[PDB]
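Remarks on the structure that follows.
Whatever order the structure lists ligands and atoms in, that order sets their numbers, starting from 1. Heavy atoms only: backbone and side chains are in, while hydrogens, waters and symmetry mates are out. Below, read A as the first sequence line, B as the second, and so on, with proteins coming before strands; counting in each chain starts at 1.
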2 protein chains.
Amino acid sequence: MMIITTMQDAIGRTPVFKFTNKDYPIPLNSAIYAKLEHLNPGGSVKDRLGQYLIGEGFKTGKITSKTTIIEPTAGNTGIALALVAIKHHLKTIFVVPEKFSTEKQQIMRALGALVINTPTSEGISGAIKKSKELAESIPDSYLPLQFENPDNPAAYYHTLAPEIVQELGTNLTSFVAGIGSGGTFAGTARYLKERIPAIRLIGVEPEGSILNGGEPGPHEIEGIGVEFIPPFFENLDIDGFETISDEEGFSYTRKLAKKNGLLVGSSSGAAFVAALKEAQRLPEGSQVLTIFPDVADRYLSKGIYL
Amino acid sequence: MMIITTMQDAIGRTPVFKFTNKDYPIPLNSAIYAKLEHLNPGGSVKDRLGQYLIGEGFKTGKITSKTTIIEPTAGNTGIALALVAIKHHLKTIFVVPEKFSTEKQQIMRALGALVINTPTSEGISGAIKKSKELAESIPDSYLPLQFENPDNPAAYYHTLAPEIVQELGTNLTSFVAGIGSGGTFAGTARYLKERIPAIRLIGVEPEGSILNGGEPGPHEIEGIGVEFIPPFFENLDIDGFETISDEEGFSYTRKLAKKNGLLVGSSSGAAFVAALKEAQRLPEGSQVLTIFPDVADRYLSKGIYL
Ligand code: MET
């Protein structure tokens, strides 16, 4: 491999898992390609976001040696920012709704971050509000606000999307990806659409998310789901959103481990189910791309694998 | 990176982290290189053992298509064997003392293994006894018994050690590694000694292990420690053993996360402190190799980072 002097040097260049009709009920000569972002050193796709936000921040002068980074997060963005902050010894404060993965919060604190909790029932919106309060009261603070910052999708446009095309070329029928903030989906989709105008775009949410108009509500699937429509979707021709039940998402999370040796989180299982439904509706020979965002190990304290 | 159809394709080719006097009290022009085996897809160095045992088993006829693999394990070897078994659809049975490592047992089961528990107070020896009973009573079984099988050190001799010399060359002063069964240390040391006759060999154990003549007793560090001499050391010229207290091992586990963004187990922290002591006693310009065996994530329920 390589000799590294920073864990930042290990971010990206992740493999792609190829699934065919020999693995799962998929049409003849069709394939699903899953970009394995869980193999990042921070254990999620958000490692790329962290690296990009801090890197660009130093270039624009939004981040200096004096800066405290404050961000609301479900966990992974916090881990990624804390990991990347180490090289420049930046202080970090993450606002996390309480019952999101305790493992992720432990890891954030292990990396030197302060973790402040908000109530689970105010969701991510409550975390955003609280993060804004802290920033006003902390000198030299910087609030990336992944939920609205166009640098969120741009991170993936510039890092993850080029890697996909480098490995897979332009022979893709569809791109299917879970939506939380919407950055991964929107940034990657923009890049693919520029090179593959005919590609189909499917966003994936759990039951109790609002993208298909349904009522908001709790869901065991963690990492995806929106409480507000992401602002990153305006220039995008999205073909549909796929709503995945907890039962189905966890079922395919368990199958990915048992059948394929992939130890991925419930948001990966959800994305995979959505990719299987998309492959099943397309002609033979279709090539469907998805992303597996994070590792299963941060959810062992919950049901995952039961 | 690559397109893979089995998670086995992703075993090995791990990076090496280089530490200098910028990071820790290491003499001028000296360095510590840590082979990052925690980044294997099963989360540990044992992935190499699993891959080797199954590969060679097919080669010698010890394993065929409807062999059942049986092994007593306190976790990582079970994960590795279960992960590798998937490709060839082999069934696996692991005998694990109840209360040894829950997270690791969950992962074993997730990968398709049957996990059978023994009493905690009978320790690993109770698991070994029970595993022996199963093997006799199951036709076409295979019972590696890693703790006495010479194929344990051979795995590292053939896989890990050549990879290290390809990346780092022959300018190594010392090899410092934790001892559980002793396979990693013995296999790697044999190969390094052949290529680098002057290399120093230091085995690492926690307090309450017996290699430096201390009294046997429990230790919170997980994965390393012996209550008796491993049978793998007969033809090794070992320079010393380093006994690491739980306080020191856990302290350096926390430092690796906080200072370096490395999320590694307590046996990595222990190895690292031993490597730091070794670097500190050698001339300027010395190059010390160590191995970080596994990921921190499987120990968050045990307060690894408190
Ligand atoms: C977009 S939320 C930020 C963190 C990541 N979504 C997680 O699940 O931890």
Side-chain angles (χ1 to χ4, degrees), chain A residues 37-38 40-53 69-84 92-111 113 115-118 120 122-128 130-131 143-149 151-153 155-156 160 177-188 203-206 209 211 218-233 249 253 264-271 291-302 304, chain B residues 263 297 300:
Chain A
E37 286 299 304
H38 71 296
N40 282 296
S44 86
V45 66
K46 303 302 202 328
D47 287 3
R48 297 176 186 265
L49 178 60
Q51 173 170 238
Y52 187 85
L53 285 177
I69 294 174
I70 310 181
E71 186 62 349
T73 171
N76 284 324
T77 291
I79 292 169
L81 283 166
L83 172 60
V84 172
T92 59
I93 305 167
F94 300 117
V95 183
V96 179
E98 200 143 3
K99 306 265 257 210
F100 293 16
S101 170
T102 60
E103 292 95 317
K104 288 177 205 164
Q105 298 178 48
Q106 285 171 287
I107 289 167
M108 272 178 267
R109 286 192 267 258
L111 293 167
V115 176
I116 292 153
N117 294 134
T118 49
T120 303
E122 286 181 27
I124 253 296
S125 314
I128 293 156
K130 175 82 159 159
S131 76
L143 194 50
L145 295 172
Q146 74 192 297
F147 288 100
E148 54 183 291
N149 183 342
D151 281 345
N152 177 2
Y156 303 98
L160 181 58
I179 292 155
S181 67
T184 302
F185 176 64
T188 307
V204 183
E205 60 165 8
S209 185
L211 283 176
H219 51 83
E220 288 191 348
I221 294 163
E222 204 157 329
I224 57 167
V226 313
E227 317 166 11
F228 48 81
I229 294 157
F232 302 129
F233 292 177
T253 298
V264 293
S266 59
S267 76
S268 297
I291 297 164
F292 290 178
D294 86 338
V295 299
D297 307 62
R298 275 81 177 269
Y299 306 99
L300 291 171
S301 60
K302 305 200 186 166
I304 210 170
Chain B
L263 300 170
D297 300 54
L300 294 170

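Each of A/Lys99, A/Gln105, A/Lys130 was compared with A/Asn117 under the side-chain hydrogen bond (donor to acceptor under 3.5 Å, both in side chains) criterion, and only A/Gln105 meets it.
Salt bridge absent: A/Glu222 and A/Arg298 never bring a charged side-chain N and a carboxylate O closer than 4.0 Å.
The closest approach between any non-hydrogen atom of A/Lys104 and ligand 1 is below 4.0 Å. Every heavy atom of A/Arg298 sits 4.0 Å or more from the atoms of ligand 1. Contact analysis leaves A/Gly180 out of contact with ligand 1, as no non-hydrogen atom separation drops below 4.0 angstrom.
Side chain of A/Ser209 to main chain of A/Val226: a donor-acceptor pair is present (N/O by atom type, distance under 3.5 Å, no hydrogens or angles).
The ring of A/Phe233 has its center closer than 6.0 angstrom to the ring center of A/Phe185.
Of the N or O atoms in A/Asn76, one or more lie within a sub-3.5 Å distance of an N or O in ligand 1. Annotation: A/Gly75 places an N or O atom under 3.5 Å from an N or O atom of ligand 1; distance criterion only.
Under the rule for a side-chain contact (heavy atoms from CB on, under 4.5 Å), the partners of A/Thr102 that lie at least two apart in sequence or sit in another chain are A/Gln106, A/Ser301.
Side-chain N/O atoms of A/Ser181 and A/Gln146 include no donor and acceptor closer than 3.5 Å.
Here A/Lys46 has side-chain heavy atoms under 4.0 Å from ligand 1, and that is the only part of it that gets that close.
Every atom of ligand 1 is numbered from 1 in the order shown, and the set under 4.0 Å from a heavy atom of A/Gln146 is 1 (C), 3 (C).
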